[PDB]
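Numbers here are sequence positions counted from 1. Basis for what follows: all heavy atoms, side chains included, without hydrogens, waters or symmetry-related copies. Start at 1 and go down the list; that is how both ligands and their atoms are numbered.
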Amino acid sequence: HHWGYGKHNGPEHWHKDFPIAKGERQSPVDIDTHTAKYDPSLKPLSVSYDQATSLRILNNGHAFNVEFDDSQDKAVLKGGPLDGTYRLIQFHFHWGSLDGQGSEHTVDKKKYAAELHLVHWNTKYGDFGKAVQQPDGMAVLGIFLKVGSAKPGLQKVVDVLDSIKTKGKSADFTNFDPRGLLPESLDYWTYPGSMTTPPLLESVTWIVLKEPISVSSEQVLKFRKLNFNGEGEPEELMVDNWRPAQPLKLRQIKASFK
Ligand SMILES: [Zn+2]
């Protein structure tokens, strides 16, 4: 069968259909905070999400994606390590069966309960499908989630998950503000990597924020109630949909902060 997160179709198997799995710039990675170097020539990140136009939420059998209208520069990321303008197309998360695992990136081997990815494409390539084939085609803003107090900006997401329980279900999801998912600080690490799901393309500039957001136990519990399977198929809970840390292979991780 096709790719997943189980014993039989999970990350150890991906390289047979996607040989770039064993490539030179795979993600995620462990961020060693002692080895990352402060890079004085990194600009502050510019997250311009005021005109973000959310459309839909979809269970794609791997995660759920909240999709945005990316036909114009309505919600963009720029600055930081980036040249040019990257448009927000979707966000999703990765999460664990337990609070001690679920992030894809780790920080000195520490795993967080979950990780949010805000996926952007480089507008100089005109569309997302062309952008994913270029080495500077994508920029993913990664945010760690720890369990603590509730994140009020996440609750609208939590509330709709009932309606997209199984693979292929979608719901209308307009007027959601992705600014409510950000922590206070935009301090970050950055390195060149890849998509963390098949087809594992090596087209991502990763920007991983130093400050986690806190979500509540009840919020993450709702994520764990989703299903990987389709309606009418045997229930497999959507948990542990993360890829483990890949070798760094002499890439340098840079910090925006001292
Ligand atoms: Zn992701």
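- Separation of the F91 and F176 ring centroids falls under the 6.0 Å cut-off.
- Note that the NZ atom of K258 and the CG atom of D187 stand 11.5 Å from one another [nearest 0.5 Å].
- Using the six-membered ring where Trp is involved, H105 and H117 have ring planes that are perpendicular, over 60° apart on the 30 and 60° scheme.
- The salt bridge (charged side-chain N to carboxylate O under 4.0 Å, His left out) test with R87 is passed by exactly one of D73, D70, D69: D73.
- Comment: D177 engages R179 in a salt bridge, judged by a side-chain N to carboxylate O separation of less than 4.0 angstrom.
- In this structure, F68 has its ring center at least 6.0 angstrom away from the ring center of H120.
- The number of protein N, O or S atoms lying under 2.8 Å from the Zn ion (ligand 1) is 3.
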